[PDB]
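Descriptive structure summary
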Amino acid sequence: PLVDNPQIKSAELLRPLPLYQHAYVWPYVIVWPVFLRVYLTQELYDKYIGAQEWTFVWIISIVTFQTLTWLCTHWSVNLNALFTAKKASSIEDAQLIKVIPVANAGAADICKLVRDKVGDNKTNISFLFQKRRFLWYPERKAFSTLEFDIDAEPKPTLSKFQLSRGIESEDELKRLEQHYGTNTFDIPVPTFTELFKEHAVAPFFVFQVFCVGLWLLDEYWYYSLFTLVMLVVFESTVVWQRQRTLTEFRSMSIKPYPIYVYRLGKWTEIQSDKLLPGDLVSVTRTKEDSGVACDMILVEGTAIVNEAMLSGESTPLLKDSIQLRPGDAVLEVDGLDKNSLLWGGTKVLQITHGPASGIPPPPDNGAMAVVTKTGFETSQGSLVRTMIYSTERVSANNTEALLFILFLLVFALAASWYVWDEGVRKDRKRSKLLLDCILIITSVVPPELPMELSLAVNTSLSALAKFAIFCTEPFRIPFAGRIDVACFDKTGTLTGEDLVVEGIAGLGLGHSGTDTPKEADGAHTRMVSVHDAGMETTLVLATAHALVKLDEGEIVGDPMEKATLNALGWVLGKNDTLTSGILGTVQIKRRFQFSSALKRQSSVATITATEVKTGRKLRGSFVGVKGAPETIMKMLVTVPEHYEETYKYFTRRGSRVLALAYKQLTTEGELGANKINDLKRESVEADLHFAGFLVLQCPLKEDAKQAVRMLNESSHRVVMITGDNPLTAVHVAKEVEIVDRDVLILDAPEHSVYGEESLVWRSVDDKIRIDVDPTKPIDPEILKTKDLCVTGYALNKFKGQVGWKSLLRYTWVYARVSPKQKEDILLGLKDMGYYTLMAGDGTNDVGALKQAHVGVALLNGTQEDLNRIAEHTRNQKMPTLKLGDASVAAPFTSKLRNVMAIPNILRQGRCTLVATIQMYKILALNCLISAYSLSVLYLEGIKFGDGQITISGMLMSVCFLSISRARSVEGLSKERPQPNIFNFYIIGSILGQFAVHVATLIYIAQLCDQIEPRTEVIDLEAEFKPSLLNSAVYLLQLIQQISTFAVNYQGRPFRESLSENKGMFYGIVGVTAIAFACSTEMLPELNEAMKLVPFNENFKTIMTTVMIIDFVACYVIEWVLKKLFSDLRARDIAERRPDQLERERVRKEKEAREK
Ligand code: ALF
Ligand SMILES: [Ca+2]
Ligand SMILES: [Mg+2]
């Protein structure tokens, strides 16, 4: 293979051809002078030198052939490589290379090779594909990505980075600059011309232009020019709207910032753009709206960072140096060196200083680090590349449309063959025969299909703006009608980012006055605010934290600690001080931390509390601990009588409860220096007391439960993908009723041996623990009894084995997944056969948002902020929202924080999915009657009047415009709409209705010929004359055109009813009433109004009978074929157990009885 990248499937070297050797110029140069000579001076009519119709046919044919030969190089890259290039012999003369990627990872392309000359008189051959560099390696004679110092076949020794210095000499700097490039992101941001060029090449636009050009034979310039002008205006405004919304939602701007680099033995100030792998950079605090420029490894110093891009959370992480490690291989994947790597894109919250290479300290007093990657090869470079180079634009050009056009073209060719044969048997003029064949060919295949689908989509696009839900690709709305799996994020989508504190309860335990309210089992539900709390609870809350105050006054730490400190009201100060209703001073000396084992935070301090209520004074040493109720129960010496039951009620009703405890070490005096250091964790937990139960409200949006419940019972499956801990993910997923059963977490053992690999089925309570290996099937029983929660660490161990497909069907919760793993799940679900939706807000789910069929990016705005922005803009004509990165990669964008915008889009999908489907069916019917009205009826003497066709045309236009516009129904239904158009039901219904219409027309024509015989000749140029046959055929055609609209219209569970459609119902009623009144002949003036012949008494009953028979037969055929072959059932992954259905029915009945 040429390219050694799994992204690239195949490659081929090419060499360009000159302009005169192309495949669409040279045959034209051969052909054109021959025809010119024949038409000009041959004087022999081999190609009809004098006939105007034949010469025009030749000119149009040759021009169309040349235009198609030119356009075929734009719709494919194989034809581009076969028409405008030749296969090169080797790399010596090759200049262009054609690259094709994996079918689900981009688009094919043909790139240009570039050769650069290094100072050592050598040649470097490279090419750029999807803004990614590829180099030609002659040692293995292939193409590779690049070779960095961090990644190599032998793992580098730590002495390479510990003793590293800056890049010396100008030659090395120039070589690195010309070999690795600059550290920047080059977004092309195309202009209007490129967008219009891309839009005007699409096959539907070419088809419409060709049809309109064919309408220039004898229809005169009136109809063709107006249609062409409106088409050009519509395409121009579509392109302008697309470019405007692309510029509004997609910016992708990164501003460089100055940094200090140790180059040539001195510290200089360099912009962040000019950085090369091997520099010695000094990192400091990262300001607002900025991040780390390049991927680097820390050498000296400690950094507190905020990795909000990879994990998705906001908990600060601690990264240590590498100075305390000997010469060893870099274990950067999972070893001790993973905590030393500093990724590019995160923010450095704090820098702590505390060298082997003898380097002077930087002037800005930062931390030394060595760059390892730069440019588009960093961690966020892959996300930026997948933002814009992952999927193709979705438009009206589908395979279903092509098959539909081919079907109608087959019928058109049959009709044209019949017309041409009957016209050549009678030896008529070839001009009128050819014009009629062209007319029926253009009439059968509808040129109005794309401009009707576009209107049906733009109506939904305009209707979606009321919920502040903007869209970028409008043709993805029908995909929302067949959604089978709907994933969800956790930290930004369902759970609210902010946190509130309800208060502290359980302080009435121990001695009770029988006055506080109690539950049925005796649980104390007394709620006391923190401002009215006791002295002991405040003292414990003022020391059991882990927050640290920066030099500029900012504070960092856990969100719950910040929330409880804000609720406390005390103020943190330097040297670990807590100052001021207690109005005391707390000085914390020693602190203890937890790492998910023995979950409790302990601290010691010196306290001076001057109570204002009781007027007492407290001073001296103090010990405060905060943790789980079970651990405090284990370490308690005087357990209250209702301690066990008073927290179960709180933790059951969606809340987080934490127990607090205190210990008075020395009442008088302080412990002093060199005394707390020798104390261990077990020593301070000898005796404990009880202070209270801090209760925190469950972080969840008020619309989360309602939206998930609406999605669950509407034949959709809701899964959840998050990068948080499995415990919190399982708790949140159980609260919103995503999973309601026993939950098993497949993950590494909690012992964390870190040396051997193992997979176990843990539980929420450590009572079930079995061993599973990734090379065997999962279980025949686990997938049936208990639900699953597969973590992201063990997802890679199951990649490629036989258990991968079993773990993509019976799992609903994924926890701790990398940004790359968030799209593997969606790709697997898409390849399995399901449609997927995903809603998220962060930067880690960019690839998942791109690879899903429809993606929503929920922002953090509110209605009041939107109103303020609108009124500020209005005042400018006479606050802001953070766009982020998720809105760039998501086709949809909801500007409101409500998660109810996720079901609403679905409510606006089905109405677009149903209507479009109906359109297809109805169009097919009108593309089959007309083919019968121009091939068999045209050859007879049946010709309608000039005034009668206007009514039919107006009725058809009104009905089509009313069908294209649609409105949404109130609530989601259990039955799904028809997915595609090429199943047995649609084709069977179309063919049955066409057969009924043909049989009725044949019977009416036969009986009308029997009643009134014809003895004259059939004239194809005679004008309109009133007769029985013309009136009968006109009435039957009007009734059939009414029946094609009043039978194939379904709107009961997915749209508005036919009675509420004012545009269509009134027209249908009026036309049907007029036709039936003229058939039954109750108004003699009406028949004379539009040139009708008086009817016999016996013919009237036959006419009414056949009209009613036609209507009833069409309705019965449609109903039977809908009842027999409807694909209205739910998918296999969305099946609901009887228990869930029974619970839903019980809840619905209770709500109905309540109201
Ligand atoms: F809320 Al996440 F990855 F868990 F964006
Ligand atoms: Ca038509
Ligand atoms: Mg998030």
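Scanning the chain from terminus to terminus reveals 32 helices and 40 strands. Each of the three principal axes of the chain carries a C-alpha extent, and together these read 130 × 90 × 70 Å. Counting the 1155 residues in the chain, one finds 46% classified as buried. A total accessible area of about 59,400 Å² is found for the chain, and carbon and sulfur atoms account for 57% of it. Computing the positive centroid from 127 side-chain charges and the negative centroid from 134, the chain places the two 1 Å apart.

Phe 488, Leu 711, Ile 738, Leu 746, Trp 761, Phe 892 and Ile 902 are the most contacted members of the largest nonpolar core, which totals 75 residues. With sequence-adjacent residues up to four places away left out, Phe 488 is seen in contact with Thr 493, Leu 494, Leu 711, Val 718, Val 719, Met 720, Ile 721, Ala 839, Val 899 and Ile 902.

Now for the UniProt feature "binding site: Mg(2+) 1" (unreviewed entry) in the chain. Residues given the UniProt feature "binding site: Mg(2+) 1" (unreviewed entry) here are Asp 489 and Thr 491. Among the residues examined, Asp 489 registers a relative accessible area of 7% and is labelled buried. In this structure, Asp 489 is in contact with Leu 494, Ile 721, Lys 822, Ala 839, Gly 840, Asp 841 and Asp 845, ignoring residues within four places of it in sequence. Within the local environment of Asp 489, its side chain forms a polar contact with the side chain of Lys 822, the two groups lying 3.3 Å apart. The contact partners of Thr 491, leaving out residues within four places of it in the chain, are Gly 312, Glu 313, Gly 496, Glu 497 and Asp 724.

Turning our eyes to something else, we now look at the sheet that holds strand β13 (residues 302–306). The three strands lie next to each other as β14-β13-β16, forming an open sheet whose pairing is antiparallel. Unpaired on one side and paired on the other, β14 (317–319) and β16 (347–352) mark the two borders of the sheet. For this sheet the average axis-to-axis angle between neighbouring strands, irrespective of direction, equals 25°. Pairing between β13 and β14: three bridges, direction antiparallel. In the strand pairing of β14, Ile 304 is matched with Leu 318.

On to the packing of helix α10 (residues 399–425) against helix α25 (residues 901–933), then. The geometry of α10 relative to α25 is characterised by a closest axis approach of 10 Å and an angle of 10° between their N-to-C directions. With respect to their mutual orientation, α10 and α25 come out roughly parallel. Together, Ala 401, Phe 404, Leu 408, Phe 411 and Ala 415 of α10 and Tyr 920, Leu 923, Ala 924, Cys 927, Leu 928 and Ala 931 of α25 make up the contact between the two elements.

For the structure on display, the rule yields 44 salt bridges. In this structure, the salt-bridge partner of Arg 476 is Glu 473, at a minimum N-O distance of 2.5 Å. Accessibility assignment for this pair places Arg 476 and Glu 473 in one class, buried. Here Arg 1147 makes a salt bridge to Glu 713, at a shortest N to O gap of 3.1 Å. For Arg 1147, a relative accessible area of 21% gives the class partly exposed. Salt bridges linked by common partners bring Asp 747, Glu 750, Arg 762 and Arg 816 together as one network.

Once that is clear, we can look at the state of the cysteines. By the definition in use, this model includes zero disulfides. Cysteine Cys 1114 shares no disulfide, and the gap to the nearest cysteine sulfur, in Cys 959, comes to 16 Å. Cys 1114 sits in the buried class, given a relative accessible area of 0%.

Take the packing of aromatic side chains next. All told, the structure shown has 27 aromatic pairs when counted by the stated rule. Between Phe 127 and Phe 143, the aromatic rings sit 5.3 Å apart at their centres with planes inclined by 75°, giving edge-to-face as the arrangement. Linking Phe 127 in strand β6 (residues 123–129) with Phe 143 in strand β8 (residues 142–144), this pair joins segments that are 16 residues apart in sequence. Note on accessibility: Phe 127 and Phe 143 belong to one class, buried. Taken together, a centroid distance of 6.5 Å and an interplanar angle of 85° make the contact between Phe 411 and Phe 994 edge-to-face. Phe 411 gets classed as partly exposed once you look at its relative accessible area, which sits at 26%. Among the aromatic residues, those joined into a ring-pair cluster are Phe 127, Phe 134, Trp 136 and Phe 143. A cation sits over an aromatic face here: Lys 160 above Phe 161, 5.9 Å from the ring centre.

Okay, the sheet that holds β8 next. Taken in spatial order, the four strands of this open sheet run β5-β6-β7-β8, and their pairing is antiparallel. Across the chains shown, the open sheet's two edge strands, defined by having one partner strand only, are β5 (114–117) and β8. Taken over all neighbouring pairs, the strand axes of this sheet differ in orientation by 35° on average, direction set aside. Note that β6 and strand β7 (residues 132–137) share four bridges and pair antiparallel. What sits directly across from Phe 129, in β7, is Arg 132.

This paragraph deals with the pairing of strand β9 (residues 258–263). Across six bridges, β9 lies against strand β10 (residues 266–271) in antiparallel orientation. Note on β10: the bridge partner recorded for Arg 263 is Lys 266. Remark: two residues form the turn of the hairpin made by β9 and β10, two consecutive strands paired antiparallel; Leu 264 in that turn has positive phi of roughly 55°. Relative to strand β11 (residues 280–283), β9 runs antiparallel, the two being bridged by two bridges. Of the residues in β11, the one forming a bridge with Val 261 is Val 281.

On to the UniProt feature "binding site: Mg(2+) 4" (unreviewed entry) in the chain, then. Here, UniProt's "binding site: Mg(2+) 4" (unreviewed entry) annotation points to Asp 489, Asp 841 and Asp 845. Among the structural elements, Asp 489 can be located in the loop between β19 (485–488) and β20 (501–505). Looking at the element boundaries, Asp 845 is found in the loop between β38 (836–840) and α22 (846–851). For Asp 845, a relative accessible area of 0% corresponds to the buried category.

Relative to the helices and strands, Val 684 resides in helix α17 (residues 681–684). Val 684 sits in the buried class, given a relative accessible area of 14%. Sequence separation of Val 684 and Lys 786 is 102 residues, and the distance between their C-alpha atoms is 42 Å.

So, about a nonpolar patch on the surface. Together, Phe 984, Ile 1108, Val 1112, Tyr 1115, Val 1116, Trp 1119, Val 1120, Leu 1124 and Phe 1125 line one region of the surface with nonpolar side chains, adding up to about 880 Å² of accessible area. Ranked by the residues each element gives to the nonpolar patch, the list is headed by helix α31 (residues 1097–1124), at seven residues. Within the secondary structure, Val 1116 is located in helix α31. For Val 1116, a relative accessible area of 42% gives the class partly exposed.

The geometry of a pair of packed helices is captured by two quantities: the angle between their axes and the separation between those axes. Following both chains from N to C, one finds helix α28 (residues 1028–1046) and α31 inclined at 25°, their axes separated by 10 Å at the closest point. Overall, the two elements α28 and α31 adopt an arrangement that is roughly parallel. The hand of the α28/α31 crossing is right-handed. Along the contact surface, α28 presents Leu 1028, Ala 1032, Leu 1036, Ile 1039, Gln 1040, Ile 1042, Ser 1043 and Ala 1046, while α31 presents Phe 1099, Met 1103, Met 1107, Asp 1110, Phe 1111 and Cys 1114. For the contact of α28 with α31, the class distribution of residues is 11 nonpolar, two polar and one charged.

Take helix α11 (residues 430–444) next. Along its 15 residues, α11 runs 21 Å from first to last C-alpha, staying within 8% of the 21 Å computed at 1.5 Å per residue. Those residues of α11 that sit buried are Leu 433, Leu 434, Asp 436, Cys 437, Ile 440, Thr 442 and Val 444. Against the buried residues of α11 lie α2 (52–71), α7 (203–214), α10 and α25.

Here the focus is unusual backbone geometry. Here the phi dihedral of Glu 43 falls at roughly 60°; this positive angle occurs in a residue that is not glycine. Located in the positive-phi region is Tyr 220, a residue other than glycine, with phi close to 80°. Within the secondary structure, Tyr 220 sits in the loop between α7 and α8 (221–249).

What counts and how
Residues numbered from 1 in each chain as written, not as in the entry; some residues may be left out. Chains lettered and ligands numbered in written order. Heavy atoms only, no water. Helix = DSSP H or I, 4+ residues; strand = E, 2+ residues; numbered from the N terminus. Buried < 20%, exposed > 50% of the residue type's maximum accessible area, 1.4 Å probe, protein only. Areas by Shrake-Rupley, 256 points an atom, 1.4 Å probe, with all protein chains shown as cover. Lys, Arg positive; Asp, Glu negative; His and termini not counted. Charge placed at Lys NZ, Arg CZ, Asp CG, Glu CD. Core = buried A, V, L, I, M, F, W, Y, C linked by side-chain atoms within 4.5 Å. Contact = heavy atoms within 4.5 Å. UniProt positions renumbered as here; feature names shortened; annotations may be inferred. Polar contact = N/O pair within 3.5 Å; in protein donor to acceptor, adjacent residues only side chain to side chain. Pairing = 2+ DSSP bridges. Axes fitted to C-alpha atoms, helices over the stretch in contact; angles between N-to-C directions. Parallel < 35°, antiparallel > 145°, perpendicular 65-115°, else oblique. Salt bridge = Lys/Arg side-chain N within 4 Å of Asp/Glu carboxyl O. Disulfide = S-S within 2.5 Å. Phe/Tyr/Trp six-rings, centres within 6.5 Å; stacked < 30°, edge-to-face > 60°. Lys NZ or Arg CZ within 6 Å of the ring centre and 35° of its normal. Patch = residues over 30% accessible without salt bridge, like charges linked within 9 Å, V, L, I, M, F, W, Y side chains within 5 Å. Left-handed = near helix turned anticlockwise from the far one by under 90°. Nonpolar A, V, L, I, M, F, W, Y, C, P; charged D, E, K, R; others polar. Expected span 1.5 Å × (residues − 1).

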